[PDB]
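Okay, start_24.cif now, which holds mmCIF, C-alpha atoms:
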```
data_model
loop_
_atom_site.label_atom_id
_atom_site.label_comp_id
_atom_site.auth_asym_id
_atom_site.auth_seq_id
_atom_site.Cartn_x
_atom_site.Cartn_y
_atom_site.Cartn_z
CA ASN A 8 -11.45 9.84 2.71
CA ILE A 9 -11.02 6.14 1.87
CA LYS A 10 -10.49 5.39 -1.82
CA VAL A 11 -9.79 2.29 -3.92
CA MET A 12 -8.07 3.01 -7.24
CA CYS A 13 -7.18 0.67 -10.09
CA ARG A 14 -4.17 1.17 -12.38
CA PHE A 15 -3.70 -0.67 -15.68
CA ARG A 16 -0.26 -0.87 -17.25
CA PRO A 17 0.67 -0.98 -20.94
CA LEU A 18 1.46 -4.28 -22.59
CA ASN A 19 5.06 -5.45 -22.87
CA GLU A 20 7.20 -6.36 -25.88
CA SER A 21 6.79 -10.10 -25.26
CA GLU A 22 3.04 -9.73 -24.70
CA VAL A 23 2.46 -8.11 -28.09
CA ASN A 24 4.95 -10.35 -29.92
CA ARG A 25 3.25 -13.54 -28.67
CA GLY A 26 -0.23 -12.28 -29.56
CA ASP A 27 -1.73 -11.60 -26.14
CA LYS A 28 -5.16 -10.01 -26.09
CA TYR A 29 -6.70 -6.89 -24.59
CA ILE A 30 -9.48 -7.88 -22.18
CA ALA A 31 -10.21 -4.55 -20.44
CA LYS A 32 -12.87 -2.15 -21.71
CA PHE A 33 -12.92 1.19 -19.88
CA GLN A 34 -16.12 3.18 -19.33
CA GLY A 35 -16.32 6.39 -17.38
CA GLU A 36 -13.28 7.34 -15.35
CA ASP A 37 -14.15 4.68 -12.78
CA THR A 38 -15.45 1.48 -14.45
CA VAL A 39 -13.52 -1.33 -16.13
CA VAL A 40 -15.30 -4.29 -17.76
CA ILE A 41 -13.57 -7.66 -18.12
CA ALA A 42 -15.19 -10.49 -20.09
CA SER A 43 -18.65 -9.17 -19.27
CA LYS A 44 -18.45 -8.19 -15.59
CA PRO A 45 -17.99 -4.49 -14.74
CA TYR A 46 -15.99 -3.27 -11.76
CA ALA A 47 -16.45 0.27 -10.41
CA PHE A 48 -13.88 1.91 -8.15
CA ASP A 49 -13.15 5.44 -6.96
CA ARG A 50 -10.82 5.84 -9.96
CA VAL A 51 -9.61 3.68 -12.85
CA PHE A 52 -6.34 4.92 -14.35
CA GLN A 53 -5.92 3.69 -17.90
CA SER A 54 -2.56 2.83 -19.43
CA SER A 55 -2.41 6.26 -21.10
CA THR A 56 -2.56 8.00 -17.70
CA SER A 57 0.87 9.27 -16.69
CA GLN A 58 2.66 8.50 -13.44
CA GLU A 59 2.28 12.11 -12.29
CA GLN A 60 -1.51 11.95 -12.62
CA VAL A 61 -1.65 8.67 -10.69
CA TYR A 62 0.41 10.30 -7.94
CA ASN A 63 -1.64 13.52 -7.88
CA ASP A 64 -4.89 11.59 -7.57
CA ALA A 65 -3.75 8.81 -5.20
CA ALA A 66 -0.99 10.15 -2.93
CA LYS A 67 -0.52 13.94 -3.24
CA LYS A 68 -3.04 15.00 -0.61
CA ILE A 69 -1.90 12.18 1.69
CA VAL A 70 1.61 13.66 1.54
CA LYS A 71 0.24 17.14 2.21
CA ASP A 72 -1.73 15.84 5.21
CA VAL A 73 1.31 14.05 6.64
CA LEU A 74 3.23 17.31 6.23
CA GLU A 75 0.50 19.00 8.31
CA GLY A 76 0.80 16.50 11.18
CA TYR A 77 -1.90 14.04 10.09
CA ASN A 78 -1.62 10.36 9.17
CA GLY A 79 -2.09 8.53 5.90
CA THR A 80 -1.79 5.04 4.49
CA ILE A 81 -1.28 3.74 0.94
CA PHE A 82 -1.68 0.07 0.00
CA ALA A 83 -0.53 -1.74 -3.15
CA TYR A 84 -2.11 -4.99 -4.32
CA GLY A 85 -1.13 -7.00 -7.39
CA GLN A 86 1.60 -9.27 -8.69
CA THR A 87 4.89 -7.78 -9.82
CA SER A 88 3.94 -8.65 -13.43
CA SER A 89 0.74 -6.59 -13.17
CA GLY A 90 2.63 -3.29 -12.96
CA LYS A 91 2.77 -2.80 -9.19
CA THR A 92 6.54 -2.19 -9.32
CA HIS A 93 6.07 0.28 -12.18
CA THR A 94 3.27 2.10 -10.35
CA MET A 95 4.85 2.33 -6.89
CA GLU A 96 8.53 2.60 -7.90
CA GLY A 97 8.99 2.88 -11.68
CA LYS A 98 12.16 4.11 -13.33
CA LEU A 99 13.77 6.20 -10.60
CA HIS A 100 16.11 8.35 -12.73
CA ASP A 101 13.23 9.14 -15.12
CA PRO A 102 11.21 12.18 -13.95
CA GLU A 103 8.27 10.93 -16.05
CA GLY A 104 8.63 7.23 -15.21
CA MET A 105 8.97 7.79 -11.47
CA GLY A 106 6.66 5.80 -9.21
CA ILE A 107 4.57 6.93 -6.27
CA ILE A 108 7.26 6.50 -3.59
CA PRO A 109 9.93 8.67 -5.31
CA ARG A 110 7.35 11.43 -5.79
CA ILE A 111 6.26 11.13 -2.14
CA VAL A 112 9.85 11.46 -0.93
CA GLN A 113 10.60 14.30 -3.35
CA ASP A 114 7.54 16.26 -2.21
CA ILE A 115 8.32 15.70 1.48
CA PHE A 116 11.93 16.86 1.21
CA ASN A 117 11.11 19.80 -1.08
CA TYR A 118 8.48 21.01 1.38
CA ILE A 119 10.88 20.63 4.29
CA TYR A 120 13.61 22.58 2.47
CA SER A 121 11.03 25.29 1.69
CA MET A 122 10.45 26.07 5.37
CA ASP A 123 12.55 28.31 7.59
CA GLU A 124 14.63 27.36 10.64
CA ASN A 125 11.71 28.22 12.95
CA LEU A 126 10.53 24.68 12.16
CA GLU A 127 12.91 21.87 13.15
CA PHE A 128 12.18 18.85 10.95
CA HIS A 129 13.20 15.24 11.58
CA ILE A 130 12.25 12.41 9.21
CA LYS A 131 12.34 8.91 10.70
CA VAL A 132 11.72 5.69 8.79
CA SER A 133 10.91 2.11 9.75
CA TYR A 134 10.55 -1.06 7.70
CA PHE A 135 9.21 -4.48 8.64
CA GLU A 136 7.31 -7.34 7.02
CA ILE A 137 4.56 -9.60 8.32
CA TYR A 138 5.38 -13.13 7.14
CA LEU A 139 3.19 -15.99 8.40
CA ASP A 140 1.79 -13.56 11.00
CA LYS A 141 5.31 -12.87 12.31
CA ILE A 142 6.60 -9.29 12.39
CA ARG A 143 10.20 -9.30 11.13
CA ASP A 144 12.24 -6.08 11.21
CA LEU A 145 13.71 -5.43 7.76
CA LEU A 146 16.18 -2.82 9.09
CA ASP A 147 17.58 -5.31 11.63
CA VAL A 148 17.63 -9.02 10.75
CA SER A 149 18.31 -9.97 14.39
CA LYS A 150 14.82 -8.70 15.35
CA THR A 151 12.12 -11.26 14.58
CA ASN A 152 8.79 -12.01 16.28
CA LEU A 153 8.26 -8.40 17.29
CA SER A 154 5.26 -7.68 19.51
CA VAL A 155 2.44 -5.13 19.41
CA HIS A 156 1.80 -3.04 22.54
CA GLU A 157 -0.45 -0.14 23.52
CA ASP A 158 1.10 3.06 24.89
CA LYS A 159 -0.80 5.21 27.42
CA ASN A 160 -3.84 5.51 25.18
CA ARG A 161 -4.92 2.28 23.49
CA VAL A 162 -2.83 3.11 20.42
CA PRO A 163 -1.04 0.00 19.10
CA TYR A 164 2.65 0.22 18.20
CA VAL A 165 5.36 -2.27 17.26
CA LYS A 166 7.75 -2.42 20.22
CA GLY A 167 11.45 -2.33 19.42
CA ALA A 168 11.06 -1.55 15.72
CA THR A 169 14.11 0.07 14.17
CA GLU A 170 13.71 3.81 13.54
CA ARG A 171 16.33 5.54 11.38
CA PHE A 172 16.80 9.27 10.82
CA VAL A 173 16.92 10.10 7.10
CA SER A 174 17.97 13.45 5.67
CA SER A 175 17.85 13.06 1.86
CA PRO A 176 15.63 11.30 -0.71
CA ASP A 177 18.54 9.07 -1.74
CA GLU A 178 18.91 7.95 1.88
CA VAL A 179 15.23 6.97 1.91
CA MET A 180 15.63 4.97 -1.30
CA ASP A 181 18.74 3.24 0.04
CA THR A 182 16.76 2.33 3.16
CA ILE A 183 13.95 0.92 1.01
CA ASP A 184 16.33 -1.21 -1.05
CA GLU A 185 18.11 -2.47 2.07
CA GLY A 186 14.78 -3.43 3.61
CA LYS A 187 13.65 -5.21 0.45
CA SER A 188 16.90 -7.19 0.36
CA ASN A 189 16.17 -8.59 3.85
CA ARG A 190 12.79 -10.24 3.18
CA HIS A 191 12.05 -13.95 3.56
CA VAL A 192 12.32 -15.03 -0.13
CA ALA A 193 11.89 -18.76 0.74
CA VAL A 194 10.91 -21.00 -2.18
CA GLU A 199 10.94 -16.73 -6.67
CA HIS A 200 9.38 -13.40 -7.67
CA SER A 201 6.11 -13.22 -5.71
CA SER A 202 4.51 -11.44 -2.75
CA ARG A 203 4.06 -13.81 0.22
CA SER A 204 4.25 -11.24 3.05
CA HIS A 205 3.00 -7.75 3.87
CA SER A 206 5.79 -5.15 3.66
CA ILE A 207 5.03 -2.04 5.73
CA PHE A 208 7.28 0.99 5.28
CA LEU A 209 6.93 4.07 7.48
CA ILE A 210 7.78 7.73 6.83
CA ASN A 211 7.46 9.62 10.13
CA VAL A 212 7.62 13.36 9.40
CA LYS A 213 8.08 15.06 12.78
CA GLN A 214 8.36 18.82 13.21
CA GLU A 215 8.65 21.38 16.00
CA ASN A 216 8.17 25.13 15.86
CA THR A 217 11.02 25.96 18.21
CA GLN A 218 9.39 28.92 19.98
CA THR A 219 5.90 27.49 20.53
CA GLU A 220 7.50 24.07 21.16
CA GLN A 221 4.33 22.58 19.62
CA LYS A 222 5.28 19.29 17.96
CA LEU A 223 3.52 17.49 15.11
CA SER A 224 4.12 13.86 14.14
CA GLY A 225 2.64 12.61 10.88
CA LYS A 226 2.90 8.95 9.92
CA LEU A 227 2.73 7.78 6.30
CA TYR A 228 2.54 4.01 5.85
CA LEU A 229 3.40 2.50 2.46
CA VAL A 230 2.13 -1.09 2.50
CA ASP A 231 3.00 -3.82 -0.02
CA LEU A 232 0.22 -6.37 0.44
CA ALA A 233 0.63 -10.09 -0.11
CA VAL A 234 -1.24 -11.34 -3.18
CA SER A 235 -3.63 -14.30 -3.18
CA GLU A 236 -2.40 -16.57 -5.98
CA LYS A 237 -4.15 -19.36 -7.85
CA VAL A 238 -4.19 -22.89 -6.45
CA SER A 239 -0.75 -24.32 -7.18
CA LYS A 240 -0.44 -27.77 -8.73
CA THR A 241 1.83 -28.91 -5.88
CA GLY A 242 0.07 -28.85 -2.51
CA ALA A 243 1.27 -30.13 0.87
CA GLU A 244 4.97 -30.07 0.01
CA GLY A 245 6.37 -26.90 1.61
CA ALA A 246 5.18 -23.66 3.19
CA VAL A 247 2.94 -22.47 0.34
CA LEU A 248 -0.16 -23.95 1.99
CA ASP A 249 0.53 -22.03 5.21
CA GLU A 250 1.27 -18.79 3.34
CA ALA A 251 -2.05 -19.26 1.52
CA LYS A 252 -4.06 -19.52 4.73
CA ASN A 253 -2.32 -16.56 6.37
CA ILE A 254 -2.60 -14.36 3.27
CA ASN A 255 -6.31 -15.17 2.99
CA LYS A 256 -7.14 -14.34 6.61
CA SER A 257 -5.01 -11.19 6.83
CA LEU A 258 -6.35 -9.76 3.57
CA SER A 259 -9.89 -10.46 4.81
CA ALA A 260 -9.34 -8.71 8.15
CA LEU A 261 -7.88 -5.78 6.21
CA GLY A 262 -10.94 -5.82 3.96
CA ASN A 263 -13.30 -5.81 6.93
CA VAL A 264 -11.46 -2.85 8.47
CA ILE A 265 -11.37 -0.76 5.29
CA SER A 266 -15.03 -1.57 4.62
CA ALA A 267 -16.09 -0.77 8.18
CA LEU A 268 -14.20 2.53 8.13
CA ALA A 269 -15.60 3.41 4.69
CA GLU A 270 -19.15 2.88 5.98
CA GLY A 271 -18.41 4.99 9.06
CA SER A 272 -18.85 2.04 11.41
CA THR A 273 -18.08 2.39 15.11
CA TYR A 274 -17.27 -1.34 15.29
CA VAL A 275 -14.02 -1.43 13.29
CA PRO A 276 -12.47 -4.93 13.70
CA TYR A 277 -8.89 -3.78 14.25
CA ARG A 278 -7.87 -6.62 16.60
CA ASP A 279 -8.50 -9.38 13.99
CA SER A 280 -4.98 -9.21 12.50
CA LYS A 281 -1.53 -7.81 13.22
CA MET A 282 -1.47 -5.35 10.32
CA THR A 283 -4.77 -3.66 11.16
CA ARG A 284 -3.53 -3.04 14.71
CA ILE A 285 -0.18 -1.61 13.57
CA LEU A 286 -2.12 0.63 11.17
CA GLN A 287 -4.99 1.34 13.58
CA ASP A 288 -3.52 4.76 14.38
CA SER A 289 -3.17 5.77 10.71
CA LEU A 290 -6.47 4.30 9.46
CA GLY A 291 -8.91 5.84 11.94
CA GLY A 292 -9.60 9.48 12.68
CA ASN A 293 -10.79 10.05 9.09
CA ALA A 294 -7.18 9.76 7.90
CA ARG A 295 -6.92 9.36 4.14
CA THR A 296 -6.27 5.82 2.91
CA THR A 297 -5.77 4.80 -0.71
CA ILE A 298 -5.61 1.22 -1.98
CA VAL A 299 -3.95 1.04 -5.40
CA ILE A 300 -4.66 -2.26 -7.16
CA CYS A 301 -2.50 -2.83 -10.24
CA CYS A 302 -3.70 -4.92 -13.17
CA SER A 303 -2.49 -6.21 -16.54
CA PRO A 304 -4.72 -5.80 -19.61
CA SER A 305 -3.25 -8.90 -21.25
CA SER A 306 -5.37 -12.03 -21.60
CA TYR A 307 -2.45 -14.15 -20.34
CA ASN A 308 -3.13 -12.62 -16.90
CA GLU A 309 -6.94 -12.59 -17.07
CA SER A 310 -7.14 -14.88 -14.04
CA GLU A 311 -4.93 -12.61 -11.92
CA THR A 312 -6.84 -9.46 -12.89
CA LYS A 313 -10.11 -11.10 -11.82
CA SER A 314 -8.60 -11.77 -8.38
CA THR A 315 -7.14 -8.26 -8.08
CA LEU A 316 -10.39 -6.52 -9.03
CA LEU A 317 -12.39 -8.64 -6.59
CA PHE A 318 -10.05 -7.67 -3.74
CA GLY A 319 -10.54 -4.01 -4.62
CA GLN A 320 -14.29 -4.60 -4.48
CA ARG A 321 -14.15 -6.36 -1.10
CA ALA A 322 -12.45 -3.27 0.34
CA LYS A 323 -15.81 -1.44 0.23
CA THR A 324 -18.37 -4.23 -0.58
CA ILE A 325 -21.44 -4.20 -2.87
CA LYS A 326 -25.21 -4.82 -2.57
CA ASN A 327 -27.42 -6.29 -5.29
CA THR A 328 -29.23 -9.46 -6.55
CA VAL A 329 -32.92 -10.32 -7.34
CA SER A 330 -34.70 -13.58 -8.49
CA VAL A 331 -38.43 -14.54 -8.85
CA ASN A 332 -39.84 -17.79 -7.46
CA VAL A 333 -43.24 -19.45 -7.79
CA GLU A 334 -45.33 -20.39 -4.75
#
```
Mind turning the file's structure into C-alpha cells?
Amino acid sequence: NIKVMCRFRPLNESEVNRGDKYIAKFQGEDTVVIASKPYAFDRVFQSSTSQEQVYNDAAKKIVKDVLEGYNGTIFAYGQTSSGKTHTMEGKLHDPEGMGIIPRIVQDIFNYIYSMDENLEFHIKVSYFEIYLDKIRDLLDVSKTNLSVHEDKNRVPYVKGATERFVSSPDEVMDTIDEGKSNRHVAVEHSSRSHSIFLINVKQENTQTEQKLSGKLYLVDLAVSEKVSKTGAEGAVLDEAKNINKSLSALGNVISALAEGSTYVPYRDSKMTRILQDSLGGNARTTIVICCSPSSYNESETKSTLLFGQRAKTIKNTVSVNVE
C-alpha cells in the first residue's frame, strides 16, 4: 500500500548540445544503476514511459480510493530541473504531456459528473506550506504560524486553514497557481519548504444521509541541496537544518508504516501529524522521486535516489576479521 517510484526525464536541448552524458542504466522495471551502485524501488519509470502510464501506476488507484471515501497521499521529491514539474504538472493543454495533478483533477470531476443527483458532491481544497517549521496558509497570506490540534479523536488537523469549494478542474488549477504564487521565495528556483495541497472529495447519498469524506494530499517536498559555498550569511543554514530533520521524520514514518510498525513516529514533525490521518489505516501512499539522467546532475540524482531508499530502508553488509 506504500510505494516509492522513480521517474527519469528525457534530456533537454541544452544538455545534448553541451555534451552531457547518460549515467543511468535501467535493469528490470524497478532497478536503476548509477556509476556502479544499483537502486531498487517499487517502480522505475524510464524516459520512454508516457505520462499516462506514470499516472496509472502511481496515482490512479489513489484517486479511485479517495472517490470511495478513503484517504491517499502523493509526495514529490526532486529539484525542478530533475523533471518534477514535468511529472506532477507537465504541459496542461497537452493531453499527452499532462502531469499527475491535471489527470487527478480530470478523473475526480469526470467521476463526479458520471453520478446521479442521489449523490451530492462537494469538493473542497486547501493549500499551505511548511517553511522553517512554520505553517503558512497559501490561500490566505494573513494566516501564518497556524497550529495543529486534535478533534474528538486524536486526529491532528490544521486549525483555521482556508477551505475553498471548487466546482471545475480549471478552478482547481487556478487555486494551485494562486497558492504557488504566495510562497516564501526569499533568496531563486528551488524547493525550501513543503507545499501540501488538499483535495477533499465529500459526498452524501441524500436518502441514506451517509456521508463520505476522502482526503487526497499532494505534497511538494523540500529538497536537500549540496553544501553551498556561502555559509552563515542568510537563512540557507536554517533551511538546511529544518529540511534535514523534517525529511528524516517523514522517512521514519513512511518506513515504520511500510514495515507495519505499531510505533509510527508521527509526533516528530509538523507534516507527519498533518498527514497522520491520510498515512495510517493502510491508506495508499506513493512517493514519486524525479531524477535527471544527465551527468551534469549526477550529484543531485545520488541524493534523490538515497532519499527514496530511506523511505523504506535496506539491510545488508558482511566483512571477515582475523582473531
**Message:** I'd like to know which of A:80, A:86, A:58, A:259 is closest to residue A:225, using all atoms listed in the file.
**Reply:** A:80
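Atom CA of residue A:102 lies 19.5 Å from atom CA of residue A:53.
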**Request:** Rank A:123, A:236, A:215, A:334 by their smallest atom-to-atom distance to residue A:312, using all atoms listed in the file, and report the top residue only.
**Result:**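 The shortest atom-to-atom distance to residue A:312 comes from A:236.
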**Prompt:** Hey, can you check how far atom CA of residue A:41 sits from atom CA of residue A:18?
**Reply:** 16.0 Å
For stretch 35-39 of chain A, take all atoms listed in the file, fit an axis-aligned box around them, add 4 Å to each of the six sides, then output centre and edge lengths in Å rounded to one decimal, as JSON.
```
{"center_x": -14.8, "center_y": 3.0, "center_z": -15.1, "size_x": 11.0, "size_y": 16.7, "size_z": 12.6}
```
**Counting only C-alpha atoms, the option among A:128, A:52, A:138, A:82 closest to residue A:286** =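 Smallest separation from residue A:286 among the options: A:82.
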List the residues matched by the PyMOL selection byres ((chain A and resi 90) around 9) in the displayed structure as a PDB file with C-alpha atoms, keeping the file's coordinate frame, ordered by chain and then by residue number.
```pdb
ATOM      1  CA  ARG A  14      -4.170   1.170 -12.380  1.00  0.00           C
ATOM      2  CA  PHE A  15      -3.700  -0.670 -15.680  1.00  0.00           C
ATOM      3  CA  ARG A  16      -0.260  -0.870 -17.250  1.00  0.00           C
ATOM      4  CA  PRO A  17       0.670  -0.980 -20.940  1.00  0.00           C
ATOM      5  CA  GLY A  85      -1.130  -7.000  -7.390  1.00  0.00           C
ATOM      6  CA  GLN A  86       1.600  -9.270  -8.690  1.00  0.00           C
ATOM      7  CA  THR A  87       4.890  -7.780  -9.820  1.00  0.00           C
ATOM      8  CA  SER A  88       3.940  -8.650 -13.430  1.00  0.00           C
ATOM      9  CA  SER A  89       0.740  -6.590 -13.170  1.00  0.00           C
ATOM     10  CA  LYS A  91       2.770  -2.800  -9.190  1.00  0.00           C
ATOM     11  CA  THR A  92       6.540  -2.190  -9.320  1.00  0.00           C
ATOM     12  CA  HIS A  93       6.070   0.280 -12.180  1.00  0.00           C
ATOM     13  CA  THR A  94       3.270   2.100 -10.350  1.00  0.00           C
ATOM     14  CA  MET A  95       4.850   2.330  -6.890  1.00  0.00           C
ATOM     15  CA  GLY A  97       8.990   2.880 -11.680  1.00  0.00           C
ATOM     16  CA  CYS A 301      -2.500  -2.830 -10.240  1.00  0.00           C
ATOM     17  CA  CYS A 302      -3.700  -4.920 -13.170  1.00  0.00           C
ATOM     18  CA  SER A 303      -2.490  -6.210 -16.540  1.00  0.00           C
TER      19      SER A 303
END
```
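The protein and nucleic acid residues lying at most 12 Å from residue A:140 are residues 151, 152, 153, 154, 155, 203, 204, 205, 206, 233, 249, 250, 251, 252, 253, 254, 255, 256, 257, 258, 279, 280, 281, 282 and 283 of chain A, with all atoms listed in the file considered and sequence neighbours fewer than 6 positions away removed.
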Residue selection dump (C-alpha atoms) as a short mmCIF file (atom, residue, chain, number, x, y, z; two decimals), keeping the file's coordinate frame:
```
data_model
loop_
_atom_site.label_atom_id
_atom_site.label_comp_id
_atom_site.auth_asym_id
_atom_site.auth_seq_id
_atom_site.Cartn_x
_atom_site.Cartn_y
_atom_site.Cartn_z
CA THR A 151 12.12 -11.26 14.58
CA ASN A 152 8.79 -12.01 16.28
CA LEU A 153 8.26 -8.40 17.29
CA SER A 154 5.26 -7.68 19.51
CA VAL A 155 2.44 -5.13 19.41
CA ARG A 203 4.06 -13.81 0.22
CA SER A 204 4.25 -11.24 3.05
CA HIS A 205 3.00 -7.75 3.87
CA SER A 206 5.79 -5.15 3.66
CA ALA A 233 0.63 -10.09 -0.11
CA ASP A 249 0.53 -22.03 5.21
CA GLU A 250 1.27 -18.79 3.34
CA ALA A 251 -2.05 -19.26 1.52
CA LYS A 252 -4.06 -19.52 4.73
CA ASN A 253 -2.32 -16.56 6.37
CA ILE A 254 -2.60 -14.36 3.27
CA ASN A 255 -6.31 -15.17 2.99
CA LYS A 256 -7.14 -14.34 6.61
CA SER A 257 -5.01 -11.19 6.83
CA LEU A 258 -6.35 -9.76 3.57
CA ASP A 279 -8.50 -9.38 13.99
CA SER A 280 -4.98 -9.21 12.50
CA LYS A 281 -1.53 -7.81 13.22
CA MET A 282 -1.47 -5.35 10.32
CA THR A 283 -4.77 -3.66 11.16
#
```
**Request:** Determine, counting only C-alpha atoms, every residue of protein, DNA or RNA that lies within 12 Å of (-1.6, 13.5, 1.3) in the file coordinates, then give the result as JSON, numbers by chain.
**Result:** {"A": [8, 9, 62, 63, 64, 65, 66, 67, 68, 69, 70, 71, 72, 73, 74, 75, 76, 77, 78, 79, 80, 81, 107, 110, 111, 112, 114, 115, 225, 226, 227, 228, 294, 295, 296, 297]}
